[PDB]
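Note sheet for the following structure.
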Amino acid sequence: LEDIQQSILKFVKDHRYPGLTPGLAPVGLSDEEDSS
Amino acid sequence: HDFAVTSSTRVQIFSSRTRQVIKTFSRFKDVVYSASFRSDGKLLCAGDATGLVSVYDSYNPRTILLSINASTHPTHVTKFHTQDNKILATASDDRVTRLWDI
Amino acid sequence: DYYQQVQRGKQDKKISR
Amino acid sequence: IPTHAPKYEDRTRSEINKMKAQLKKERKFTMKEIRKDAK
Amino acid sequence: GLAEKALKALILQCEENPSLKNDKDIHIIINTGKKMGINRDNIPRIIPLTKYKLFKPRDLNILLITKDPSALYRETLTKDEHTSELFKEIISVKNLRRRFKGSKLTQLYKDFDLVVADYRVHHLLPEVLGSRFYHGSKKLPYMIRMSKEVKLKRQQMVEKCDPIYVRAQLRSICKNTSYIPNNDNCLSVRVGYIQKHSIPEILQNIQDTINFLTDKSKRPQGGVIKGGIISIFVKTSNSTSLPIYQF
Amino acid sequence: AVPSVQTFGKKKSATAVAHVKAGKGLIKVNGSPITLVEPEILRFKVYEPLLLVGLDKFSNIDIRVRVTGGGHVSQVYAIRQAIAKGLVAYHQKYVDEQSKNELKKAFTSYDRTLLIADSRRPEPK
Amino acid sequence: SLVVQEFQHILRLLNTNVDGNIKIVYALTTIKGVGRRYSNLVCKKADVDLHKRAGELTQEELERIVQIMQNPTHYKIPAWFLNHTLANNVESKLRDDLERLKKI
Amino acid sequence: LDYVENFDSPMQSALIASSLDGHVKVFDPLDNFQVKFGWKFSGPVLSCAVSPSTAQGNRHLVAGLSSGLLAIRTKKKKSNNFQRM
RNA sequence: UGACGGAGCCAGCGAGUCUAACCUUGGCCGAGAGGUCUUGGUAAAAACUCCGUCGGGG
């Protein structure tokens, strides 16, 4: 109600393919960094 | 806007505008000695060491416009004329210099 | 020695049904 | 000039070929005879 | 104890039986107390591993399918020296349909081992690739982001490509494994190769996978099992079921 | 009203519609300038009217064409036909008959196929 | 008038004679099994010009490249670069069935 | 050895020569061929050439070194109402 | 009388609620018949045009 009263007194997602949120991969910092 | 460089089995055309290789002729079986541009540019001659000259028109490494077989000794010097444009001069280690009409 | 008798029990329950 | 000599006059594969040709012949023949029977 | 004992038994049965030698993958099938409400699409849904890597891009050939133009995509990917040695082949969908049909198509199927395409082309992909690919999950086409950039309503998108991001995707994928939702209690996932690693690695992989699947968090991706899980069977492509965690 | 004239062109099974309007002086074969009809061994077989009559006669007006049917060679012949016929039709509707008749004479001097496509009927024996 | 330059004929490698009159990538693909892309990868790992013919690739470079090619596991090269009686029985059955159908 | 002329230069004609010692020199054919300029590259410089007289573009100087080195040294070269207003 | 990668571009016929495969591992359900899920392997516009590259077969 504090936020609401102040207002009154004042990740990735595509819109067209929902299949993307399952389709994406887990970006992993070591997985970019290493030159294996 | 262009100049030609000879080397061991590599004739490279460089452009006067960006100083990188613009074209390559490499169909040469042995050490290509010398390159000469015609006094009107469309055509270059290149004397190899096997004993022949390749004469073909600039910018088109796909066409072996003509291959002339002079004496079998290697040819060190090849050039176009400058007053005629269909006369091409070559010489070879045979110590005899031969003028061909293309 | 496990594969053969686990198969056996499989067919056992099938035949039992 | 170099010279040469001319030519003139696998049992497993040979018998395979002969028997397969025999089989094909027989299959064609039995087709045709059964067909005549049917007509 | 049952787990690794059955693992040893199934191994020895593989090396004894002719065809069981010929099929080369370990598969685990989870039967759940409840069905899944997620109707089967072919979106490849992947699961992470916390401990052990499985396959390497260095070890595997790979196919990439772009958008249509593909000029800058392919040249950039082949030039930036981070993928030139990495992606075996790159092809656009139209060129693919122009080049392969029928016999040559299944020739591809035999040749490649892992394929992926842009997430704006994945849904179109099936008919140009064929039901022949679309069986099981071995050569099921994957789905990778290509731009690390998003679209907004009534706003044209701009297309890019970055080898760091895409290589991260590939390495992540071959490090971990995946699955596909169904509508019944029976879901199957490949787990490990028959000689690339060991039984302790197998068990670690299994435990991490089951923890991810049962995890309350990551519901869009990991919290998918409904009800008390029943059990986990193990097999190879032609073997028989072996039981684990009966209750 | 806008001065306006339309004509047609037909090779093997290729249609070529050609509007001709009085305007800004350009030439567009279906949304892309005539310099980029693609065959490139025939682009001059397209130009043939432009050149043969000289340009200003075109500088006065706007020609839009669209083509369909047939293939490469047929479509090029169809466009050249439609351009030429459209030019003469416009110059006989809104401009002087002397231009009409001398244009027709120039064309039929060069090659009549720019005007009457041959319906190349099959033949008995 | 003394100048002085920096060859040899076809040199064998992996029980295979590598031609003396071809480019680097050409010779690498001509080596039994290897192809154009793998040739490019090997040439790039060795860091030698690809359009230089067999006149180039001096002994040190040749030895290093040979070691690299012999040890892909130590070179981390991409893995995409590596690599009757029933007829008789049917005939006899045909003989039997045909004899029955054409005789009886 | 190569001769160029009739190009934009305080010198009317120029002759350039390559002498196996990095040293390429520029002479003129009007001062009785006196030395005018020189460069030194390391190896024995076997070939030398200049951009010709009608270059009209960034002029170039090509030297070929028997050490297998090509070297080049170059010289480089509102609204319509408002306007009717 | 070519090969290969990207490009470039143009057809005409045909429109019946009817147009289209089988083997295989195992899960669940089902009294059954069976059903659902897995599951592994085998059956089915070109030429042309402009750029780039290469230079006898088991």
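Our numbering is plain: 1 for the first residue shown, then up by one each step along the chain.
Header lists the method as electron microscopy, 4.6 Å.
Just so it is clear, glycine is given a Cβ too, placed from its N, Cα and C backbone atoms.
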Legend entry - Feature phosphoserine, as given in Swiss-Prot - residue among A:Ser7, A:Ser30: A:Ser30
Inset, instruction - Write down the Cα-Cα distance for A:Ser30 (phosphoserine) and A:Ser36 (phosphoserine), rounded and given in Å. - result: 10
Legend entry - Proximal but sequence-remote residues of the same chain as A:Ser30 (phosphoserine) (Cβ under 8 Å, at least 6 apart): none
Legend entry - Of A:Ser30, A:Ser35, A:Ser36, chain E-adjacent modified residues (C-beta under 8 angstroms): A:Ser36
Inset, instruction - Select from A:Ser30, A:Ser35, A:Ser36 the modified residues whose C-beta atom falls under 8 Å of at least one C-beta in chain B, and return them in sequence order or as 'none'. - result: none
Inset, instruction - Among the modified residues A:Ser30, A:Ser35, A:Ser36, state which ones have a Cβ less than 8 Å from a Cβ of chain H, giving them in sequence order; state 'none' otherwise. - result: none
Inset, instruction - Please work out which residue of A:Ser35, A:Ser36 has the most C-beta neighbours within 10 angstroms of its C-beta, and give that one of the modified residues. - result: A:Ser36
